[PDB]
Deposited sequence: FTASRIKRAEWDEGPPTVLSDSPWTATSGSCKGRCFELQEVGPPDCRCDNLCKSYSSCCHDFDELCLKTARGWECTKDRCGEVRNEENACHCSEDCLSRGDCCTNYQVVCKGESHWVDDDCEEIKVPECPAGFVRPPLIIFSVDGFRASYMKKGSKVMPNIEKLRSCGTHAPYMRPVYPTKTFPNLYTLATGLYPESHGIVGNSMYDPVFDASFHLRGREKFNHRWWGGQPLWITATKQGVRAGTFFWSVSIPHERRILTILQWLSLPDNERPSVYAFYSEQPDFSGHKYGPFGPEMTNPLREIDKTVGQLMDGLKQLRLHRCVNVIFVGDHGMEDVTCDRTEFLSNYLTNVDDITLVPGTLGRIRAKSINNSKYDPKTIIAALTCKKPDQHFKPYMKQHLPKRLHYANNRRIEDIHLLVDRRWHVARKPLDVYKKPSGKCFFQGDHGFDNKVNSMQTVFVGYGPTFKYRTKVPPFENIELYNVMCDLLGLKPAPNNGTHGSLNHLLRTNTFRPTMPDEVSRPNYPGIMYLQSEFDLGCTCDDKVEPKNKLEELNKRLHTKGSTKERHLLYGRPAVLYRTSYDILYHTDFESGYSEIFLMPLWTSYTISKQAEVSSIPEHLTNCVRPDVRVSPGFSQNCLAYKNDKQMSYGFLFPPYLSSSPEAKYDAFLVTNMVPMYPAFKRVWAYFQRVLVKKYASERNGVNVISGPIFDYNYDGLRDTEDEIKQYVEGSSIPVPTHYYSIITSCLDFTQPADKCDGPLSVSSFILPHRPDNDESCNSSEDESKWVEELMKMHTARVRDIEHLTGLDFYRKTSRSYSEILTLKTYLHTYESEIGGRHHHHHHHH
């Protein structure tokens, strides 16, 4: 209920929200059907339009006008944005040359540079170049400020999840807005764009920037605008707020444009109809910058121009129908479109089985344009699983396509030529970032980065302490002239033991065998040096990873590799080795095919055993350091140590063997040597975080050998590939993956073929950031380099995407 009988006189676009039932005058009142009766009359004036003309200059003030060109307009703060250009001989901001802003130049009374976030929906990254001829204002911000070639959105590349990610620094699984449409089974409530459930605070997790600001004494403009408020009025309102008295004036503001998304859906990303929407957004940026110039704020305010996601070509005819795959189509609910989420139609259905649904959706048609997954099996880079609103069954839809339940859903509810929502590494989904102002760098290009990082920087720009988020604070310090956050390395929690030879062969009863009984003072001294770490500098190039949780582990040294061996999980947490460009791949000799060797540095009680693998009919084993890359026949025996063994499904061994036998050498050759760190991951509760021992759901049968959910590798080399990985003087280059440890290769529709036709395609889909492996392992990598810590933080956030340009 709302008593619309109050008045907005002197209250237009007030900042505090007045409580029910009293009528509101804030920028969101329309959206709640709650504005005072005279809100339109008083607050949404339109008369004479938005621009001053020659003949209005000096006019007597008429308060019915949308904006003013009277002599008193600057003092009142309500001039049309082009007032000083038209009436006082000034230039538009876009016509002034770019001049470095070395220090904030702010009027008296301004305690910090304000932040203005100008967000644009559906603004695909390639617009910045392809539309640059019709967006002069945006091009000036881009070229003169700090810009990325693109910014990576979160998955799904939908509007609500991305905007709230920008505002919170959180993955959708964590902030709760995991799609534009959701069902929450605990609430038993549905969230959708159209309706009022979406206004309930219970959906909205984390702590968005405007709340972080307010709790810490930094006043915020109200970030949300009812859709009918025209852009010119949003810009005028922001400018009015900026002329408020110091005590009353916000320091952070948001503007939002529904374009170019709105037109992109109708016309496709590059339809001829798209030029006008881009001109219009640019015009709006020009109005804002001119208005800041009038207020003497254009060299004081930090402006962020940022998008939520891109736009792809998508038409009705490119739709896959679940009715062509499932018999039981009426027993499911599909959330459709550029992603699919499936759940049972009724919880009283006893005959609902996800496994049958998945199988009926797996590799059924040759050109199939979607792939089903249990959500825990999605690529971990997506971070799209740990929320009760994400359905167990997910369909990753190919770019350019839709999935729907039945054909009648697509003509009873073409027209649209664009859509978004696909995998966030897809080029067409990439979006924009530009920062301009005293706190940002001048004429600086920075590499692509992920939108989850921005909340930290916005907090940095305002002097705020960020709420806990998924950003890596400091990884974007290279965007800033000042206000950087100087993080320190986390402290190591567990120190390693350095075991020497402590056990005789006969103390072990592992049921393993190896044909290794054949055997100086010469190299016998050398093999002793090797076991004490004499070659460690070659194979551990950036220091030992630090263990950031309490545990018991041993550093083990070898000629060709070093490892951190966990006595709790009975396998290495990490195994580190360097392969030079000149390295030679060799076979496993016939007499060593099944060789496993007890490690005389590690007790029988903390070792795996071969008997468990023999008796577990589903589970085989693999090695972390690959025997195929031994430096010599004698060193090869180290690779068969029981302490280098890890459990692997035969199906997964196909992938792992091809990576180790073929791809590592390929990478060393292409990158001029590589350093590889490999290890297991345990994430049975799919929360992106290292599992404790009591969360492990599966062991090698009859034993305490835990089965990893994933195996990772971090592959580092010199960015300047004219230097070898092991003698690099400058920045590093990295690529990593988190491969799911699955008992089949159903994920790969061509897996019956030779590994050369499908394994690398799988690894690419499962590319990861080092930071992702850190969360999943409780390890901290790159502890000892010659590089600045922030550069290293950036490296750890890097994702190698394998997309074209």
{"item": "Gaps in the model (deposited sequence, numbered from 1)", "value": "1 to 23, 437 to 440, 547 to 548, 835 to 846"}
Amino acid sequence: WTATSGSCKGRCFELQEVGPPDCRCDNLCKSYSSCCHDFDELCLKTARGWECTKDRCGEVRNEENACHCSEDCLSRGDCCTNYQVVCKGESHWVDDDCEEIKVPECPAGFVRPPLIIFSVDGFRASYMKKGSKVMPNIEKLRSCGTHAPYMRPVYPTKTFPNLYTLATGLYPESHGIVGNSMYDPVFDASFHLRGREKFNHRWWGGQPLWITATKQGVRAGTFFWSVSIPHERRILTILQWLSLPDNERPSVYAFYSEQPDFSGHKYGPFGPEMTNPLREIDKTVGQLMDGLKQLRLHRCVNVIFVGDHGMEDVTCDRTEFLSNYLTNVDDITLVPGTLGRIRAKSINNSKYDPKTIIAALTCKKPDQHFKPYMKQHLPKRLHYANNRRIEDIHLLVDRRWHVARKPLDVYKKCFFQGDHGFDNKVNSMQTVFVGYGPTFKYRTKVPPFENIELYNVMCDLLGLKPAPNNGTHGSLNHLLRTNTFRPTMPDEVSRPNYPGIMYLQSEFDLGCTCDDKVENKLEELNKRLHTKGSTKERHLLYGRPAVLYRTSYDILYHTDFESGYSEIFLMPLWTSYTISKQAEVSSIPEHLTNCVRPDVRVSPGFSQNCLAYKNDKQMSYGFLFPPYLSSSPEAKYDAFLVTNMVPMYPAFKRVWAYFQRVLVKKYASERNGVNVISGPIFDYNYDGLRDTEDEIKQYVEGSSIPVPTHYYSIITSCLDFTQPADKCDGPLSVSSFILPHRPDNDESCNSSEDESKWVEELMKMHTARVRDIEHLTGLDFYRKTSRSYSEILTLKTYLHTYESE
From here on, numbers count along this sequence of modelled residues.
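So that the term is clear: the rigid core is the largest set of C-alpha atoms that superpose within 1.5 Å between two forms.
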item: Higher C-alpha RMS shift from the shown form in 6 other deposited structures of this protein - 520 to 528 or 304 to 312, rigid core fit; value: 520 to 528
item: 275 to 283 or 320 to 328, whichever carries the higher mean Cα B-factor; value: 320 to 328
item: Residue range whose averaged C-alpha B-factor is higher in the record, 342 to 350 or 109 to 117; value: 342 to 350
item: Out of 690, 389, 521, 478, residue topping the C-alpha B-factor column of the entry; value: 521
item: Top residue by Cα temperature factor, when 537, 638, 683, 308 are compared in the entry; value: 537
item: CA B-factor placement of residue 748, once the chain's modelled residues are sorted into thirds; value: lowest
item: Third of chain Cα B-factors occupied by residue 129; value: middle
item: Chain thirds of CA B-factor: placement of residue 25; value: middle
item: Lowest, middle or highest third - CA B-factor, residue 758; value: highest
item: Third assignment of residue 199 from its chain's C-alpha B-factors; value: highest
